[PDB]
């Protein structure tokens, strides 16, 4: 396989937010995500700090402890599935990801076609990650929860 971009990256809320997919990945620990042989893609959100990030993250750093829900809709068939992307690390660094059955899903029409993808992103405080707020070392308030949308044509597992 290879790494396929999904729509255009957004710059929002002090972050660059891109979506990509690749071949299904084998992940440890076993059992917390869909096994590679049962999936058709690995969906990733690639989210890093912009310059002048208002929450203290240096430019280029991965944004950790985000809650990222996704909804994937085939607009041709109407099929919809949702889940949460989980934090993990690959050889090129940390990301948020999930293995997803597409052609292999028999409970809907998740075959080749036109898709709408939405990420629903909540800030790190939802997971109990802290921020300094004192004058001397403090940072700005976190963004409120938000959505980003992408449209893309799915043409099959990277093969």
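We call the rigid core whatever largest set of C-alpha positions still superposes within 1.5 Å between the two forms. Residue numbers count along the first chain shown, from 1.
Comparing 52-60 with 101-109 in 5 other deposited structures of this protein, after superposition on the rigid core, the stretch with the greater RMS C-alpha deviation is 101-109.
Of the two segments, 56-64 and 36-44, the one listed with the higher mean B-factor is 36-44 (C-alpha atoms only).
Taking the mean C-alpha B-factor of each stretch as recorded, 127-135 and 106-114 are not equal, and the higher mean is that of 106-114. In the deposited entry, the Cα temperature factor of residue 22 sits in the top third of values across the chain's modelled residues.
Residue 51: CA B factor in the middle third of modelled residues in this chain (values from the PDB entry).
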